[PDB]
Every structure is written in structure tokens, then in C-alpha cells.
Number of protein chains: 2
Amino acid sequence: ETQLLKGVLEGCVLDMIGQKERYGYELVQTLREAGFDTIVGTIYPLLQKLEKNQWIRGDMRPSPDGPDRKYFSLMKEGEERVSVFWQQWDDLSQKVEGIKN
Amino acid sequence: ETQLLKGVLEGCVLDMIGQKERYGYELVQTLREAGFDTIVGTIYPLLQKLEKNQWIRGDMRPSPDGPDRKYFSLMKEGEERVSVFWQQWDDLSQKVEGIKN
């Protein structure tokens with residue numbers, strides 16, 4: 001949808017991958033549990049973009065049940081992009097607050 | 001710059017035009033005073049997009065000194081887009097808070 005929405009899920013997906021190495025299915029479920037109730041296969045295109053951008057990397061390893069899944073973890077560029085995100089989020093939040101009132 | 005940043009200034013520019021009918025120069029100055037210190041002619045491309053999108057309209061009328069300036073005011077679509085913005089901003093703020101902690 002909107003530029004704002006895309007910016008937020010980028011930062012959020014990047015942050016989640018930073019906290020814990022996650023595969024595609026478990027990222028969508030973590031996203032839903034955070035409040036993204038209404039996300040329809042719209043997440044893996046973003047994961048595809050980030051991997052190709054060399055922000056994250058996908059490596060095959062065993063999930064907790066025992067099938068191999070592609071786990072995403074942050075690259076050097078990705079952990080910079082998420083620190084950028086949190087600084088930009090903190091900055092824009094206080095700006096928006098000021099305008100609102 | 002980023003998708004997040006673009007989304008924020010869109011909403012903010014739209015909101016400012018809603019509060020008070022403004023021309024290009026005075027919008028940039030209102031934006032700087034809100035915290036956008038480091039915005040370089042990057043604002044008028046956005047105003048151009050919104051006018052063409054029929055979200056805002058530009059009409060020529062006298063500024064407080066007496067020269068005619070193009071004042072931007074919200075169209076029917078624009079005032080919907082800003083209510084959408086504030087709902088989306090409120091929604092994403094509480095989601096991001098939840099993920100952060």
C-alpha cells in the first residue's frame with residue numbers, strides 16, 4: 001500500500017531478523033502477533049528484495065521440528081539499515097507529534 | 001531518501017495544507033520549523049505530485065505583503081488521505097512500540 005506502510009514493515013522485518021534469525025513462515029507469524037493482522041504472500045517479496053540488496057542472508061538449516069528451512073540473518077549492511085531505521089523512527093515520531101498539536 | 005521518510009513528509013505536508021491554506025515558500029518554512037532542518041527544492045516535486053493527483057489545488061491570490069502566490073488547499077481526496085495518514089500513523093506507532101520492546 002502506502003510509502004509509510006512499506007517503510008515501517010521494512011524496518012520491522014529487519015529488526016525482527018536482528019533479534020532472532022528467522023525463516024519466512026515464522027517471520028509472517030511474528031508480524032501478525034505484533035499487530036499486522038491483515039497482511040495477505042506480500043512479505044516474501046520484501047525478504048527477496050533485502051536478500052538481493054545484501055542486507056540479509058538466507059542459509060538452509062534445520063527448524064525445531066526437523067525439516068530444513070531458509071533462515072534469514074542480518075548482513076553488515078542490514079544491521080546499519082536497522083540502526084538507521086530506529087534513529088529515523090525516533091526523529092520522525094517527535095516531528096509528527098509537534099505538527100499534530 | 002527512504003520510503004518511511006517520504007511517507008511522513010507526504011502526511012505532514014497534507015496536514016499542514018489542511019490546517020491553513022499555504023503557498024510553496026511558506027510550507028518549506030513551516031516544515032523547517034517543525035524539525036525538517038535539512039531539507040534542500042525537494043518539496044515542490046511533492047506539491048506537484050499531490051496537485052496532479054487531485055489531492056490538493058493551487059489557486060493564485062495575494063500574499064500578506066501584496067504579491068500573488070499560488071496557495072495550496074485540500075481537495076476532497078486530500079482530506080481523506082490525511083485522515084488515512086493519522087489513522088495509519090497511530091496504528092503503526094503502537095505496532096512499532098510493541099516490536100521495539
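Below, chains carry the letters A, B, ... as their sequence lines are ordered, and counting in each starts from 1.
- Taken from CG in A/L27 to CG in A/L47, the straight-line distance is 6.0 Å, to the nearest 0.5 Å.
- Side-chain contact between A/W55 and A/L14 is present, with heavy atoms from C-beta onward closer than 4.5 Å.
- To the nearest 0.5 Å, atom OH of residue B/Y71 and atom CE of residue B/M60 are 10.0 Å apart.
- We find the OG1-NZ distance between A/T42 and A/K6 to be 11.0 Å, quoted to the nearest 0.5 Å.
- In this structure, A/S93 and B/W89 have side chains that are in contact, with non-hydrogen atoms separated by less than 4.5 Å.
- In this structure A/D90 satisfies the side chain to side chain donor-acceptor pair (under 3.5 Å) test with no other residue, sequence neighbours excluded.
- Between the side chains of B/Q87 and B/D91, not a single donor N or O lies within less than 3.5 Å of an accepting N or O.
- The environment of B/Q54 atom CD is sparse: at most 12 non-hydrogen atoms of other residues, nucleotides or ligands sit within 6.0 angstrom.
- Separation of atoms CD (A/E10) and CG (A/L46) is listed at 6.5 Å; rounding is to 0.5 Å.
- When side chains are defined from C-beta on, A/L5 counts as touching B/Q88, because their heavy atoms get closer than 4.5 Å.
- Counting heavy-atom neighbours within 6.0 Å of B/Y44 OH, excluding the residue itself, gives a total above 12.
- If you take CD on B/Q3 and CG on A/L4, they are separated by 10.5 Å, rounding to the nearest 0.5 Å.
- The CG atom of B/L74 sits 12.5 Å away from atom CZ of B/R81, with the distance rounded to the nearest 0.5 Å.
- Using a 4.5 Å heavy-atom threshold, the side chains of A/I17 and A/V82 count as separate.
- A heavy-atom distance below 4.5 Å is found between the side chains of B/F36 and A/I99.
- For residues 15-27 of chain A, the set of pairs meeting the salt bridge (charged side-chain N to carboxylate O under 4.0 Å, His left out) definition, not counting sequence neighbours, comprises A/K20-A/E26, A/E21-A/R61.
- Linking ILVMFWY side-chain heavy atoms closer than 4.5 Å, directly or via other members, places B/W86 and B/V13 in a single hydrophobic cluster.
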